[PDB]
Each structure stands twice: as C-alpha cells, then as structure tokens.
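Take a look at the structure set out below.
Counting neighbours? That spans all protein chains shown, and the Cβs are built from the backbone with ideal geometry, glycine included. Quick note: the coordinates plus some simple rules give every number you see, no bench work behind them.
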Amino acid sequence: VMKXXXXXXXXXXXXXXXXXXXXXXXXXXXXXXXXXXXXXXXXXXX
Amino acid sequence: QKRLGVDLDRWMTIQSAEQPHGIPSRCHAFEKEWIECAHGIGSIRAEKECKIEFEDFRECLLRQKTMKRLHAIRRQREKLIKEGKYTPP
Amino acid sequence: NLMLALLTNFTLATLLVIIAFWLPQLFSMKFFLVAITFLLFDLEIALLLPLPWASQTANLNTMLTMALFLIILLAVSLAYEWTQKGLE
Amino acid sequence: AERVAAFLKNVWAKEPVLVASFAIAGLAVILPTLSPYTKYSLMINXXXXXXXXXXXXXXXXXXXXXXXXXXXXXXXXXXX
Amino acid sequence: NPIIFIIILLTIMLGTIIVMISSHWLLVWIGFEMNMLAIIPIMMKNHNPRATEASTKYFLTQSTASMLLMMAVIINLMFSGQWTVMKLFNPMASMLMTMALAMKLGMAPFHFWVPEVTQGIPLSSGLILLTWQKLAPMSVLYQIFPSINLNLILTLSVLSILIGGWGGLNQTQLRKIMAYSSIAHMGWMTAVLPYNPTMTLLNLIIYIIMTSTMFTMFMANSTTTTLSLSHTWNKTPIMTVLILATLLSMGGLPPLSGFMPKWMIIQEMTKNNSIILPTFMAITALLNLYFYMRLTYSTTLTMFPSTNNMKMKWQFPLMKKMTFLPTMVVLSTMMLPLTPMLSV
Amino acid sequence: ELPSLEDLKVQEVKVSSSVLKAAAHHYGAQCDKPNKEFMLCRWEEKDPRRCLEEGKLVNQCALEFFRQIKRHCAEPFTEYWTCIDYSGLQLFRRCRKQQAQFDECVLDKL
Amino acid sequence: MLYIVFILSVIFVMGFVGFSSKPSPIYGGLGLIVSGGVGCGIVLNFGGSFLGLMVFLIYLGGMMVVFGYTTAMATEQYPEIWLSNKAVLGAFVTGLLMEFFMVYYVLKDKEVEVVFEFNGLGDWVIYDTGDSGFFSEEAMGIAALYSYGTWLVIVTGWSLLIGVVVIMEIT
Amino acid sequence: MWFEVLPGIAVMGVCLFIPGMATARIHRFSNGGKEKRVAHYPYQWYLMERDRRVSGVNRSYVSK
Amino acid sequence: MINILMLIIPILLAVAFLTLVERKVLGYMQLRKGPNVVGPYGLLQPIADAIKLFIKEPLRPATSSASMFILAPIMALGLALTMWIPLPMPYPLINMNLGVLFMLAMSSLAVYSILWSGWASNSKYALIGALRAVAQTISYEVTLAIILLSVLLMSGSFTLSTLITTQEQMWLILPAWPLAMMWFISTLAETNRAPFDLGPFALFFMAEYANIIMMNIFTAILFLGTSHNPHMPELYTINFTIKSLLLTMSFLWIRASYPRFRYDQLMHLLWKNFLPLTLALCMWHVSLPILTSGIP
Amino acid sequence: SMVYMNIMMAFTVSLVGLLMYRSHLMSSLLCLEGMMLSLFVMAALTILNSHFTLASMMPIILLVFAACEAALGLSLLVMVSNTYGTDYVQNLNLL
C-alpha cells in the first residue's frame, strides 16, 4: 500500500485500548506452506 | 422473561460467565465493556450510548472489517505481479 | 493424514469389486418398536457419554446425583416396557 | 415376616437376574452417602491444577509465601 | 387410560412452564418440542383414520416451525452471540423468528392446517389443547416485543382477520367455526405487541376462558350445526341460554365481556396516531360475529330437529370449569375494567 | 496500533529442546521471581505491548539456570534427557531409576 | 489443496441437492451417508473430536438406520431411476446451478451475495484462532458437563421418558 | 494331532504378527530415535511446533 | 507411508487363513480331521478358495438395482479395514484424539452392509429375512455402548493408549467381573452364527470374519495387556498374539458347541435379561470412582 | 463469511426440499433429518470458533431433540401405512 488510501494505522478496532489476538486470523499472508502447518492441530496431528 | 426465577439459579446463558474450569471466551474482553455499558435501562430502549462499544464487539465475532482490509492487501499483492514485487521470507 | 488412511482402504475395497464383476467371462409392524427403543436409548447413552471425561474436574456431589438419575430413567422407561411388550 | 421372607425366595426361583437389577443398583445409591471416604476424592480433585497459577499482589497478608518449599498455602499432602 | 394420560397432560403443563420461566434461547426451544411429543398421543386416542391424518398434518407443519425458529437462534450467535431472550439484534433473524411463531399460532399465511387439525381431534378434551397451546408462542412474543419489524407482523395480523372472517362463512362443522375464530382472534393478539406489549396477556385471558367455556358446553356430543340443533327440545332448554351468552360474547358486543379485548386493543392503538388500522379491525370483526349470528338461530329458534328418540336419563359429563368460567365470560366489563393493571 | 520496534526481542533464545526444558522442573524452584514478575504483569495488564521488558529478564534468568547444568553434572543430566525422549508420551514413567542418578549429583551444589 | 473446509463444504451442499430433488427415498437416504459423513469433517477441522463423532454415533449410527426400516415398511422393493423421472432431474439441475455458478464468483476471494456478508480469502483466517489454551483445551476438551447445567439434564430426561411411553400408545 | 492344528496357528503367528512389528520398526526410518509424538491436547502440539522452530527446520523430532 | 499397506494385505491373509482354523479347530471338536489333501497340512486352501470364488465363479443377477449390490461390499470391506487404524498395537497408525468413539461409530456404521444387501434383492422374502438380521445387530450395540462406558469409567479416557497404562500389573477382567462375561456375549452381534444366523458371496464374509478378529483384539486390549515395555516392542507383540488367538479359539468354541437361541428368545435375552443387569452395573460403576478416589 | 455461504445455502436448499413434493411422504421426514444436520453444523462452527466451552453441550442437547421429532413423527408415518396401503400425500380424507 503506497498509492491507495489506507494508512495501515489505528487498526480496524475503534477502541484502540484493548487489542486482542489480532494475528490469529492474519499470521502473515506470505508463504502458504507455513500457514497450513500452523493451523493443523486437528488435521494430521503429529 | 414472562415469569422471573426468584430464589433459584438456572441461568448460565450469557458469554464470558462462570468458566467450566478456567477456559476464557474469544470475545471475553469486549463483553467486559458491553455488559458494563448496558447494565442499566438507559442504552436498552435507545441503544445509542453504547454504539461505540457495540461496533468493536460485532468486529470480534464476525471479523468483517479485518476481512475487507486483508482482501485489499491481497489484491494489491496480486497487482505487484510482473512489477516491483519483493518477498522477504 | 487421516484422509490418506481412509481413501487407501476404500479404493482397494472397490478394486476387489472390479475383480469380482469384470474378470469373470462366460409387513410386520411389531419389529418397528425395536428401532424405536434403540434410537431413544442411543440419546440417553449420548448424554451418558462424558462420564469418564467430565468427572476428572467437576464436583462429585453435584454429578453423582445427576449421573445416576439418567440411568434411573433409562430403567424406568424399561419398567414401562415390561407391562405388555410383545411376542417377539 | 409377611413379604420379607415370602417375596424374596420366590424372586430367587422366578427370574433371579431381577434380584441383581435392584440390589447392585440399590447399593450404588445408598453406599456413597454412608461411607466416610468420599471426602478424600473431592480434596485431590480441586487440588489438581489444569490451568496456570496466578500470583496475587500482597499488602499485609497471611498464609502466602514464595514458590519455594515453605509452610504456606493449601498444598494437599493426603497420604503422601 | 390410567395415570399415563395425566402424566402426558402434566408434561404439556410443565412444557409451557419451561417457556414461561426462561432466559436461555435453547431452553424455550426444548419447551416447544416438549409439547410436540406430548400433544400427538391425545391427537390419536380413539384409533381413527382422521386422527392419523390430522396428527401427521399437525406434526409436519409444526416440526418445520421449530426448525425455522432454531435458525433465528443460530443467527443470534452469528451476530452479537448473546444467548439471552430480549432482542434478535438482526433485521434478518427477526423475519425468521416472527414467521416461525406464526406457524405454531393461527396467523394469516400458515393457517391451512388449523381447520383440518381441529376436525381430526376425537374428543372435546383434546380441543382445549390447541387453544391453551397458543399461550406458548405468545409468551415468547411478549419477551421479544422490540427489534421486530412492523411490515411483517401487522400485515399478518390484518390478513388473518380478513381470511378468518371469510373462512367460516362456507362452514357448518362446529370444530371448523372454532378453528377459524382462532385465526380471527390471533389478528387481535399480535396487533397490540408493537403498541405497548401489555393487554396481549389479557387478550389471552379473555380468549382462553371463552374458548374453554364452549367445548365444556359441547360435552353434550355435537360436531355440526344440525347435530347441535337437536338440543332445544329433546335436550335441556336452559343449556341453550348459557351457550347464547358465549356465542354472542365471542363477537364484538359491549354488554358481554368479550368486548373487553376490543375495548383496549383499539384504545391503545388510537393513542399512537393510528386510526386507519383500528377501523379495519372492527369492520372485519363483524364477519367474525356473523358466524355466531347464524349459530344463535340453532338455539333461539325451533328449527324442527325433534327426533323420535327421547332421552329420559339425565346427562352426566365432566363439567369441571363449565360453571365457574361462563359467569366470568358473560359479565366482567362492569366488574373489572381496572384488571389491565392486575394482569400486566 | 503502534507495535514494538524490530530490536525489542531478546537475543539468545530457544536453544534448549522442547522436552529438555520439561525434563527439569527445578526451574520452578530456582529462578522463580522473574517468572512471577512477568506473570503478575500479564494479569494486571493483558497486552503484551507493555510487559516485554519483564520478559527480557525472564530470558536472561533462564540462560543463567541452564549454564549451571552445562558446567556441572552434564553427564547424569544428558542420560536423563536421553531417557525422557526414548519413552512415548509417559514422560515420567520408566525413568525413575535414572531420576535417582539425577538430583544426587545436584545435591553437591545448592 | 490449500483449502481444507471450503472443498468439503461444496460436497456438503451437493448432498442436499439430492434432497431438493426427489430421487426416491432410497437414493435420498444415500444423501445422509454422503453429506453426514462429510458433515463430520467440517466440524472436525475447527477442532472438537467429540462433537464431530456425535454425527457418526447418532445420525450415522442410529437415525438413518431407523429410517432404513421405515423405507422397507412403506414405499419399498424398488426405487425408480431419477433419470427417467420428470421434474426431479429439473430440480436437480437448477439446484446445482445455484451453487456451482456461485463458486466461480467466490474465485478472486471476495464475492457479492444476497446477504451483506462477503466470501473473503478463507485460507489464513480459515482457523480464526492462534494458540488460545494448552492442556484439556480447544473449547471441546471439557465439552459436556453435568455440573452447572443441572436443569438441562432433568428436562432431557423428561422428554426421553415421554418418547418411550407415547409411541407405545400410538402403535 | 497337534502337528496339523498348530501350523494353522503358526501361520497366524506371522501374518497377524506383522502389524505389530511393521508399526514399530518404521520409526527407525522416520526418526533418529525410534519415536513419534501424538498431540492429544494443544500443549503437546505447541512443544512439537517449537521443536520444528529449533535447529531442524523441516524435521519435527530432533535433539537439542 | 507403507504401514497402511502393511495393515491390509497381511490382514486379509489372516481372514483367509481363518477359514482353515475354523475348519480345523471345529473339526477336532467334532472328531473329524481338518484339510490335508490340499497341501502339507491343508495350508494351500485359502489361496485355492480365492482362485475358485473370484475368477471363474460368475454372478447370476436376481435384479441388480443399478447403484446397490455393488455399493454394499464397499460398506462391508471398507469399514471393516478402517477399524484397524486406531488400534494400539505398540504405536498405532495416526493415534486418534478419542480412540473408542471411532471404534464404536464405525462398528455401528457397519450395520448398513447387511441393510443395503437387503435392498439389493427384489424379493420380499429376502428383505424381511434381512431386517430380522439387522434387528440382532441393532440391539446388541446398545449393550456394546453401555459396557464400554462402564469399563472406561473405572480407568482411562477415550484414548486407546491409556488403556494399556491402567493394566500395568492387574487385568480389567477382575474389577469388571460380571462385565467380562457380558462383553463376550455382546461381541456376538455382527452375524456371528453362534447366537443366530440369517457383490459375490466370497468377499461379503471376508468382512464378517475380519470383524471377528477385530473384536478379538478389542477384547485383548480392554481386558488383557499384562505390560507395555517401551524398551522392547517385540516382547509385547509375541505376548499379544497368544492372548488374542486364545480368544479367537473361544469364538470357534461357542459356534461349535451351542445351538441357535430362537430369534424371539434372543430378543428376550436383551431388554429382559441383559439390560437390567448392565444398567445396574452402569449405576455401580458410576459410584466406584466416587466411593474410592480414582478418576484419572 | 467463507464457510457460512455454503451451510446457510444448504439450509435454504433443504427448506425448499421440505415444502416441494412428489407424493412421497418418506422424503419429507428424511429432509427433516437434513434440516437438523444443517442446524448442527451451523451451531458447531459458531461455538467452536469463538471458544465458548459452556455452549459446546448445547448442540449435543439439540442432537437429542433432533431425534425426538425424527422418530415420533416417523411412528405416525407407520400408522398411515397401517390404515392405507402405501404412504402418499395425495391419499387424504380431511376437508
């Protein structure tokens, strides 16, 4: 984001005091092989 | 309730209540605002005083505001194809 | 993977069916009550499922009064069944 | 006896499996209240910590010390 | 049937208690389905082809009603996620809540089962268990009186009196007339719910008592107008006077206490700048009166149903609340007009 | 949102294996105060953004405990560690005999 | 390949296509085996092994088994082929075109719908949870309890007493 | 006699004996320690997650 | 992943070699001799039956109802082989979060195998005869669920790996003494021929004989075990094979010795005789970990 | 958002499947099982994602009352096949 409108600040929440897990749903979009291994507690189970 | 339950307990209905052992709710902190905001009848009939604390609480369960934001990043990441793209990991 | 374990069993089972077929070249309403009793008892067993699973942490004085109570009504249902059940 | 001696030996002769259905299930209800042994099982059940321990900030408080071995808190030592 | 008939009857009484004394959304869900398992054996009773057809038509409409209601419960987890019966918090879940409760009641679009279910009931004891059953969906509607849209409740209340007022004109079956007065009265029930939730509970009190007085006086076996005709001369003439007090009260007549709902439903609505709707209520209510107009002529006139066979032995039915309740059903408009406060 | 800087995370961490840490619960007795300071910080202030300097003291004290085992009684500790990994998921059963060899060496020290 | 839940959810609706269509109760009975068994996997992917296996024990180990009896009691012997049946295939073809045509719009993440909610990515936010707990956790480690919910145990027991008594009075 | 019956048991002492040995001997090839760990509860899975984070990036079970 | 293939092919050989042991043990129980003309001691007959029944033996269709008749062997053979997966043979193939829940469910899903085969034939006499055989399988799964829930309530969770740890010095036969007799009868449920009897014929009972070995190993874990020993997996497996096969002989014993119960009286064994006994024990097994401390 | 676009769609498809008929009354009760199955999955996802722990018992109770209707209504279906030959929607007497 450099040419758009998003500042990438303040976050989605309007409270800006609590701040939950946040990167539970995010956990970096890049490299899908690492994301699939991270969310596989029930699946495979090794 | 049409008939109230006086001198007897059979609730355990609302979220962020008495835990089975000690297990927390996913939106525990947000209802600590919401129940404390709307314990009186002031924002129950009007529902305007606790609008700020409700929008963040609706954001906790659905995550729609983050969903639109992450889609905007992913689309712009796809826009960088055959352009000035870089991947640190 | 669990899907890798499942599919390999089913594909070899269907493979035996291919060998089985391609390779060779040349009323009574009384039995319904059984299915009724079975399905109604399943749910009482389903409610009695978490017994060696929830007793580890929860209070015993509160549980024991309720745990036996489900088995009591599971036998009380059978006590009503004894008075004229059937010839089968 | 009118039915204590009469309607017991008849139950042994005519379907004695029904004797087991009332006696064993009967002992399952009466014995837990009578026995002075149920108190020990409740003690260890509450003592077993599944969740992580929480430290409280003390300002003039008794029966609380450091994490090291000291004469403080509950800490059940029922039969080693 | 011995004790088991009373136990089944007590579980409908207990079933509505779970609906009444509640806070959890799945708790009322159980309360509705506790009734579903318990009405069906009384629906059957006398081993009839009509009873089998009525119960299957009753179940398949009301089982779908509960599953539509459970959808509204699950959307209440999709948004907000609070399991307390107070508000729906959704413009979508409120639609699937009101329409599901309309299925269990005799409201406009889901009314088709009501006359054919009432016909298949073997006895007068089972006929009460539909008028008393309507207390259960009404109790939930009182709890969720806000957050529910006017455009899909008031339209269902207006249409129900229209279809109720034309739905008994081409009918002679005594069960069918009572089934369409049920559809007619439900329009007067839900019309109050936005304009103060009070008086809806009192509208139940008047309706449930007045309907129970009918079937307890129908203990002398009658299924049609022509079968209730042979009652003036062959049977007791004082019984025709007391049914006259219940026939005329069901329609809008001020000397009788069946005008006591039509007193306050119009009064509370006119307070909130709405006049065009209460006009439409009262005019269509005359069509509801018109069924009883032709049904009063079965008792007031001779009508020639003599029959050669004459009864000498006096009739001995149950008649449990057949004496205490019609005295309150005939006159209470002069007795307690302040009862609005006492009930709600 | 404003998160912490890139050079906020403490150096020298996660050098020990998963079961190597689980082998010794003496870490609960010795070096317990800095662990309890971070624990009390978390229940008072739920955010990880404020309680990170206390966590730097946790990572520093953890290395001080393990280096003592690296210097003295390395032989009975590694033998106990090879025993604890050889078993399935029992993690304490079938290793009590080599647990007797442990603690006895450590008894010479404090 | 990358998706886990979304691929199984399509097969879940595909089973229900055979319910909107009426291909005789025998072939419709096969729907509860396909959509039910896959329906376990949708529950199992988010966690909670106990609740996912409840469909295996009751729906697949009782419910449809008893429904297998009534198919033999009434409307039995032979099921008519759905290819020969009129409008049954018409309901089947219109049923799939409400789902398969939609999936093409779900491609490129976001999609327009009748409801306000959008599709999204469904790969990184598919689990929607980080670490949360540790021992006896995952929300359904201690799932069902007789403690606290003592009232719910009684009322379930009442309805199951009703069921045995009532069906005996019907038949 | 039992020179006929027991060979019918001895052949079962091979084929039914295979699944017990095959599941045990396979951990020699999969792991350098003859062990595979099962999660059961999220705590033991996180230990396996950080074991892949330490030293061996691809391998789950590794020393130090 | 070669282990799955090492739990299908040698497993099907154990089903194939079962037909010899069923003919030889029952043979010696009847003073006749087992197979001898075929091989050295008749050991070459299980492969000889496989060539006979599959290759040249055809199928004359009664009706062949399109989807069925070919679908029923998939529910038979497929579900019987999936049961082998969570079994705690030293270290199981992908150990389940809950062991016995997968064990009870796939056995209750195996009821369809005899149900779909009843639909496979057009004749009414076949399906009425089929539903009667379903009625036996459907009823004894209630007792199968109860006895399991009372054995686990003594010690261990639903995990099959914890059932080995509880039997460190003492078997579960002695604390569950009436249940040991009860579980042995309830295992005779999936058309075992000992209590009562009702694609091609060959592969259909290849799943039915597989379920007999399945229950034989399931008895050898829930009631037997002796020890575990993580140091040597060999010492457990040799000891397990003797314990499992001694129970396999006992299923060939009940079939040999005892006649059919009369279908009605077999249904009188349940509800009237078995269910009042098992529920009273279920009541008793609730109180035991509360009376004396023992809730693992 | 992602999964809820299919399981809600499966509910609406089954909602059509109930009220649409081709004379078979067995198929309607079969769809009532599917309706409860679709309600089971939709409830499971809402409770499992947002870690409630207490509400996990509720779909188990819902599963019990799913089978309560889909047996007692199924018993009435048998009574239709006792009075009449074969179960059909067209075969009725009520007016």
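Going through segment E:76-86 one residue at a time, which ones are more than 9 Å from chain J (Cβ to nearest Cβ) and outside any loop (DSSP other than H, G, I, E, B)? Of everything in segment E:76-86, just one residue is more than 9 Å from chain J (Cβ to nearest Cβ) and outside any loop (DSSP other than H, G, I, E, B), namely E:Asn76.
How many residues does segment I:168-213 contain that are among the hydrophobic types (A, V, I, L, M, F, W, C) and part of a helix (DSSP H, G or I)? Residues meeting the conditions: 18. Scanning segment J:63-73 finds one or more residues that are of a type in the set (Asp, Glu) and in a helix (DSSP H, G or I). Applying the condition of being in a helix (DSSP H, G or I) and under 13 Å from the mean Cα position of the chain (by Cα) to segment A:35-46 and asking which residue is farthest from G:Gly122 (Cα to Cα) yields A:Unk38. The residues in segment A:6-30 that are closer than 26 Å to B:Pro24 by Cα, loosely packed, with under 12 Cβ neighbours inside 10 Å and in contact with a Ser or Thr (Cβ under 8 Å, 6 or more places away or on another chain) can be counted, and the count is 0. A count restricted to segment B:27-64 and to residues that are away from chain A (no Cβ under 11 Å) and polar (S, T, N, Q) stands at 1. Which is outside any helix (DSSP H, G or I), under 29 Å from I:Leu235 (Cβ atoms), over 17 Å from the mean Cα position of the chain (by Cα) and not β-branched (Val, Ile, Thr), of I:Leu59, I:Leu43, I:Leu20? That would be I:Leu43, the only listed residue that is outside any helix (DSSP H, G or I), under 29 Å from I:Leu235 (Cβ atoms), over 17 Å from the mean Cα position of the chain (by Cα) and not β-branched (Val, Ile, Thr). Checked against (1) more than 7 Å from chain G (Cβ to nearest Cβ); (2) surrounded by fewer than 24 Cβ atoms within 10 Å (Cβ to Cβ), J:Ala66 meets all criteria but (2). Where helices (runs of 4 or more DSSP H) sit wholly within segment E:168-265, those with at least 3 residues that are surrounded by fewer than 23 Cβ atoms within 10 Å (Cβ to Cβ), over 17 Å from the mean Cα position of the chain (by Cα) and of a type outside the set (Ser, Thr, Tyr) occupy E:239-250. Among the criteria (1) among the polar types (S, T, N, Q); (2) away from every other protein chain (no Cβ under 11 Å); (3) touching a helix residue (DSSP H, G or I) at 6+ places or on another chain (Cβ under 8 Å), the one E:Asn46 does not fulfil is (3). Among the residues of segment B:65-84, count how many are under 21 Å from A:Unk27 (Cβ atoms), more than 8 Å from chain A (Cβ to nearest Cβ) and either loosely packed, with under 13 Cβ neighbours inside 10 Å or touching a helix residue (DSSP H, G or I) at 6+ places or on another chain (Cβ under 7 Å) (or both). Counting residues in segment B:65-84 that are under 21 Å from A:Unk27 (Cβ atoms), more than 8 Å from chain A (Cβ to nearest Cβ) and either loosely packed, with under 13 Cβ neighbours inside 10 Å or touching a helix residue (DSSP H, G or I) at 6+ places or on another chain (Cβ under 7 Å) (or both) gives 2. Residues that are closer than 30 Å to E:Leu154 by Cα and in a helix (DSSP H, G or I) are absent from segment E:331-338 altogether. What is the residue count in segment C:7-33 for residues that are closer than 28 Å to I:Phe158 by Cβ and crowded, with 17+ Cβ neighbours inside 10 Å? The number of residues fulfilling the criteria is 3. Please specify each residue of segment J:37-54 satisfying the condition of being among the aliphatic types (A, V, I, L, M) and more than 7 Å from chain E (Cβ to nearest Cβ). Those that are among the aliphatic types (A, V, I, L, M) and more than 7 Å from chain E (Cβ to nearest Cβ): J:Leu37, J:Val41, J:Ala44, J:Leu45, J:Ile47, J:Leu48, J:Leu54. Between F:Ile69, F:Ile84, the distinction of being within 14 Å of chain H (Cβ to nearest Cβ), in contact with a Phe, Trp or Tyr (Cβ under 7 Å, 6 or more places away or on another chain), aliphatic (A, V, I, L, M) and in a helix (DSSP H, G or I) belongs to F:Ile69 only.
Yes/no matrix, rows are residues, columns are (1) at the interface with chain I (Cβ under 7 Å from one of its Cβ atoms); (2) among the aromatic types (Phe, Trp, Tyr); (3) surrounded by 15 or more Cβ atoms within 10 Å (Cβ to Cβ); (4) under 20 Å from A:Unk39 (Cα atoms):
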{"site": "H:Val5", "(1), (2), (3), (4)": "yes, no, yes, no"}
{"site": "H:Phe29", "(1), (2), (3), (4)": "no, yes, no, no"}
{"site": "H:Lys34", "(1), (2), (3), (4)": "no, no, yes, no"}
{"site": "H:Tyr41", "(1), (2), (3), (4)": "no, yes, yes, yes"}
{"site": "H:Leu47", "(1), (2), (3), (4)": "no, no, yes, yes"}
{"site": "H:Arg50", "(1), (2), (3), (4)": "no, no, no, yes"}
{"site": "H:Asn58", "(1), (2), (3), (4)": "no, no, no, yes"}
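Taken over segment J:15-33, the residue count meeting the criterion of being more than 10 Å from chain E (Cβ to nearest Cβ) and not polar (S, T, N, Q) is 9.
Of the set (1) aliphatic (A, V, I, L, M); (2) more than 24 Å from the chain's Cα centre (by Cα); (3) more than 7 Å from every other protein chain (Cβ to nearest Cβ), all apply to G:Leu89 but (2). Scanning segment F:92-110 for residues that are over 10 Å from F:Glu79 (Cβ atoms) and assigned to a helix (DSSP H, G or I) gives F:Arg96, F:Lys97, F:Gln99, F:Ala100, F:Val106, F:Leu107, F:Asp108.
Quick one: is E:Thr279 surrounded by fewer than 18 Cβ atoms within 10 Å (Cβ to Cβ), part of a helix (DSSP H, G or I) and of a type in the set (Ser, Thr, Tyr)?
Yes.
Looking across segment D:20-37, the residues that are out of contact with any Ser or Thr (no Cβ under 9 Å at 6 or more places or on another chain) and surrounded by 14 or more Cβ atoms within 10 Å (Cβ to Cβ) come down to D:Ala20, D:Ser21, D:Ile24, D:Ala25. Of all residues in segment F:1-26, those satisfying the criterion of being part of a loop (DSSP other than H, G, I, E, B), within 30 Å of F:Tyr86 (Cα to Cα) and either in contact with a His (Cβ under 9 Å, 6 or more places away or on another chain) or more than 8 Å from chain H (Cβ to nearest Cβ) (or both) are F:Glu12, F:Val13, F:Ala23, F:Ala24, F:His25.
Checking the stated criteria, I:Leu203 turns out to be under 18 Å from I:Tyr112 (Cα atoms) and more than 14 Å from chain H (Cβ to nearest Cβ).
So that you can scan it fast, the table gives a plain yes or no per residue for (1) within 7 Å of chain I (Cβ to nearest Cβ); (2) more than 30 Å from I:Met206 (Cβ to Cβ); (3) touching a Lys or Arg at 6+ places or on another chain (Cβ under 9 Å):
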position	(1), (2), (3)
C:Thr11	no, no, no
C:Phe21	yes, no, no
C:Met29	no, yes, no
C:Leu47	no, yes, no
C:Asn59	no, yes, no
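For the residues D:Unk49, D:Unk54, D:Unk58, the requirement of being more than 14 Å from chain B (Cβ to nearest Cβ) and either of a type in the set (S, T, N, Q) or in a loop (DSSP other than H, G, I, E, B) (or both) singles out D:Unk58. Sub-7 Å Cβ pairs linking a first residue in segment J:61-76 that is closer than 16 Å to E:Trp29 by Cα to a second residue that is part of a helix (DSSP H, G or I) and among the charged types (D, E, K, R), at least 6 apart or interchain, are J:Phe65/E:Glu33; J:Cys68/E:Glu33; J:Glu69/E:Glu33; J:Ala70/J:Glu33, ordered by first then second residue. Scanning segment G:106-162 for residues that are at positive phi and more than 10 Å from chain J (Cβ to nearest Cβ) yields G:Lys108, G:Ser136. For segment I:141-160, the count of residues that are touching a helix residue (DSSP H, G or I) at 6+ places or on another chain (Cβ under 9 Å), farther than 17 Å from I:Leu98 by Cα and part of a loop (DSSP other than H, G, I, E, B) is zero.
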